[PDB]
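**Q** Encoded as structure tokens, here's the structure I'll be asking about.
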């Protein structure tokens with residue numbers, strides 16, 4: 001399923017995932033495609049911070065959902 | 001004026017609007033052209049969620065701007 | 001200083017079926033920062049003291065705003081900018097004079113915390 005990850009700089013990245021994927025895996029896909037280290041990623045959906053060991057299904061994230069990515073230690 | 005609405009599935013829809021239009025109106029134009037119910041639409045511009053009773057001019061949305069459409073009906 | 005960052009009297013609403021229904025109970029909306037530094041947007045039933053809603057909110061997750069077309073002029077929505085999620089509230093402060101200041105404070109403490 002396709003999901004969208006919106007970053008604070010107005011860039012949105014599209015990812016292909018399965019609800020069974022863990023949050024840790026999602027973070028690894030984002031590192032692979034945009035180069036951001038997983039330790040700097042904070043993922044937010046429906047006002048909850050997503051935890052690494054849970055799966056997307058745990059949070060009821062359905063196709064075409066948008067997660068927000070905040071980076072630990074933001075410049076400016 | 002033409003504006004672009006980018007959805008999470010990589011489809012972009014073009015709309016013809018006036019700055020004086022309300023957000024409610026914009027949502028109705030999107031329903032009319034793509035069939036998405038207004039209650040499922042979340043419109044984002046310059047990191048703000050757009051509110052129904054405001055106009056595009058309220059947000060300083062100028063010609064050829066791109067708004068992001070997130071659906072996510074229910075709320076996790 | 002105190003416990004709550006922001007508090008004010010307000011009722012909540014709930015979705016029953018497809019219908020947004022005001023809950024008649026006297027309530028308190030408040031924002032509290034817990035010792036893990038997280039910010040909680042809460043609604044408490046004043047009669048029972050039970051906290052029925054407790055949402056952890058991060059900066060830019062949501063916006064609190066007046067719902068203009070309600071003739072009361074006292075309905076507000078906590079709108080999650082990502083997703084369709086909305087929580088409706090209705091001010092129960094006896095005077096309307098501070099409604100807009102309460103709303104302003106909600107936004108400040110959710111979107112610009114210390």
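Numbering starts at 1 and runs along the chain as it is shown here.
Technique stated in the header: solution NMR.
Just so it is clear, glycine is given a Cβ too, placed from its N, Cα and C backbone atoms.
Annotation source Swiss-Prot lists domain 'Ubiquitin-like 1' at A:1-76, citing sequence analysis. The ubiquitin cross-link annotation in Swiss-Prot covers A:6, A:11, A:27, A:29, A:33, A:48, A:63. Sequence annotations record features per position, and here Swiss-Prot assigns site 'Interacts with activating enzyme' to A:54, A:72. The phosphoserine annotation in Swiss-Prot covers A:65. Annotation source Swiss-Prot lists (Microbial infection) ADP-ribosylthreonine at A:66. The site 'Essential for function' annotation in Swiss-Prot covers A:68. According to Swiss-Prot, the feature ADP-ribosylglycine maps to A:76, an assignment based on experimental evidence.
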**Q** Could you give the number of helix, strand and coil residues in the domain 'Ubiquitin-like 1' (A:1-76) as assigned by DSSP?
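**A** The counts are 19 helix, 26 strand, 31 coil.
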**Q** Near chain C, which of the recorded positions A:27, A:29, A:54, A:66, A:76 can you find when the cut-off is a Cβ distance under 8 Å?
**A** A:66
**Q** Can you count the other CB atoms that lie within 10 A of the CB of residue A:68 (site 'Essential for function')?
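**A** So the number of other Cβ atoms within 10 Å of residue A:68 (site 'Essential for function') is 23.
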**Q** Taking only the recorded positions A:6, A:11, A:33, A:72, which one has a CA atom nearest to the CA atom of the residue listed as '(Microbial infection) ADP-ribosylthreonine'?
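**A** Going through A:6, A:11, A:33, A:72 one by one, the Cα closest to that of the residue listed as '(Microbial infection) ADP-ribosylthreonine' is A:6.
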**Q** Check each of the recorded positions A:6, A:11, A:65, A:66, A:76 and report back the ones whose Cβ is under 8 Å from some Cβ of chain B.
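**A** Near chain B: A:6, A:65, A:66.
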**Q** Residue A:33 (ubiquitin cross-link): which of the recorded positions A:11, A:63, A:76 is the nearest Cα neighbour?
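**A** Checked the recorded positions A:11, A:63, A:76; minimum Cα distance to residue A:33 (ubiquitin cross-link) goes to A:11.
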**Q** Looking at Cβ-Cβ distances, which residues of the chain lie under 8 angstroms from residue A:6 (ubiquitin cross-link) while being 6 or more apart from it?
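**A** Set apart from residue A:6 (ubiquitin cross-link) by at least 6 residues yet with Cβ under 8 Å, we have A:12, A:66, A:67, A:68, A:69.
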**Q** Roughly how many angstrom lie between the C-alpha atoms of residue A:65 (phosphoserine) and residue A:11 (ubiquitin cross-link)?
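**A** One finds 16 Å between the Cα atoms of these residues.
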**Q** Under a criterion of Cβ-Cβ distance under 8 Å and sequence separation of at least 6, what residues of the same chain contact residue A:27 (ubiquitin cross-link)?
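**A** Once residues fewer than 6 apart are set aside, residue A:27 (ubiquitin cross-link) is near A:38, A:41, A:43, A:52.
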**Q** I'm trying to understand the geometry here, so how far is the Cα atom of residue A:72 (site 'Interacts with activating enzyme') from the Cα atom of residue A:48 (ubiquitin cross-link), in Å to the nearest whole number?
**A** 16
**Q** In whole Å, how far is residue A:63 (ubiquitin cross-link) from residue A:11 (ubiquitin cross-link) when you measure between their Cα atoms?
**A** 19
